[PDB]
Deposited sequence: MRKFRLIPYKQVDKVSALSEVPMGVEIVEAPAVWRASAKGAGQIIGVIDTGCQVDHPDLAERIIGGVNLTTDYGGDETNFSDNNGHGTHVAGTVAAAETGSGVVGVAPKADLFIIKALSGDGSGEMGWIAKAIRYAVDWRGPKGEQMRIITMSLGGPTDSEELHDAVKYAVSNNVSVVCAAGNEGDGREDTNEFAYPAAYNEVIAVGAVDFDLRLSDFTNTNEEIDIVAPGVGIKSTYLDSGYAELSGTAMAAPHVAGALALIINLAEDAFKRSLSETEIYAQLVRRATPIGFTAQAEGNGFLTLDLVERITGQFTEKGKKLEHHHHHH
């Protein structure tokens, strides 16, 4: 079956007051004015649920679903039973309460999808439904999700998963996945944005790399944990794309295809100097575009 990619649980803390370095190393501040801290965008978080009422999240969350047999499965109850969904949702979109933590898109909303049970597992139908479900949800304003993220890997290349992948990518949904540690799909899907990881010193088939070592975020019981692993990189990109859609679309005065946004993600990627099989397009440096604008060698 399909699982949560494995990771070290470096620390559980009760109360933090910082911008997790992951966030600011990727240069999310620099770009928050232009992207409205991501306001307007809805990241669909496909994981283990969430602490709906967690103090950093609750106001960034607009609904969700539960495709897992857990608790019921009562469709209307996706409140986390693991702490991943939480940690992840927090990296993508923790708000500026003047407290705790704040993620890459402290303004993008979240739609919580729980296709993963408390042990971490999921059946593949649950995850293919997770993605399809991402695509089709429209809120009260008919508002829509354009970004989807998972930190899961399956060995079983099924058609059904792929039909959904292409279905999501076919309608302007960016689908973001952490690149496995066996743990291959959906990440080995060429249409998916596959994220691998580096630490803060920028040491380590993928598209980009983002931070994954010693990253703090939300955890269960209004808690906080610090996680090291390959699954922690992806959520930084999901967040990032939220700020990329706002800032791109504003610039081109026009809506953009996800192929055009994939473009836009990868140009906010600086290479580190490992070859491209090792680092894809590079490290996510959000502000790259401004730094290089006026620049030519004579």
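Visitor: So which bits of the deposited sequence did not make it into the model?
Guide: Going by the record, the segments left unmodelled (no C-alpha atoms) fall at 1 to 2, 184 to 192, 216 to 223, 318 to 329.
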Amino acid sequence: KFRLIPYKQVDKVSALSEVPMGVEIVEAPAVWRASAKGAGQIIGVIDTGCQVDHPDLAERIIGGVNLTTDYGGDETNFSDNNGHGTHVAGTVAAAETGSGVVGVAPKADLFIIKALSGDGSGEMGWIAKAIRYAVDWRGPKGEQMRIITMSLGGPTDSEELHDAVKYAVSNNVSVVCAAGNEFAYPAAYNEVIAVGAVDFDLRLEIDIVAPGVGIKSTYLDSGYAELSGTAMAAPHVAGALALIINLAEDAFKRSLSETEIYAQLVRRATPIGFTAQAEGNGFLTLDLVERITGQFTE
From here on, numbers count along this sequence of modelled residues.
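Visitor: Which of the two stretches, 195 to 203 or 220 to 228, shows the higher mean Cα temperature factor in the record?
Guide: It is 220 to 228.
Visitor: Look over 205 to 213 and 82 to 90 in the entry and identify the one with the greater average Cα temperature factor.
Guide: The entry gives the higher C-alpha B-factor average to 82 to 90.
Visitor: Among 173, 176, 116, 102, which carries the highest Cα B-factor?
Guide: Of 173, 176, 116, 102, 116 has the highest C-alpha B-factor.
Visitor: Would you mind finding, among 70, 260, 27, 249, the residue with the largest C-alpha temperature factor in the entry?
Guide: That would be 70, according to the entry.
Visitor: With respect to C-alpha B-factor, does residue 186 fall in the lowest, middle or highest third of the chain as deposited?
Guide: Middle third of the chain for residue 186's C-alpha B-factor.
Visitor: Mind checking which third residue 41 falls in for C-alpha B-factor across the chain?
Guide: Middle third, going by the recorded CA B-factors of the chain.
Visitor: Report the third (lowest, middle or highest) to which the CA temperature factor of residue 270 belongs, ranking only the modelled residues of the same chain.
Guide: For residue 270, the deposited C-alpha B-factor lands in the lowest third.
Visitor: Taking the values exactly as deposited, rank residue 16 by C-alpha B-factor within its chain and report the matching third: lowest, middle or highest.
Guide: Ranked within chain, residue 16 CA B lands in the highest tercile.
Visitor: Comparing residue 57 with the other modelled residues of its chain, is its CA B-factor in the lowest, middle or highest third?
Guide: Middle third, going by the recorded CA B-factors of the chain.
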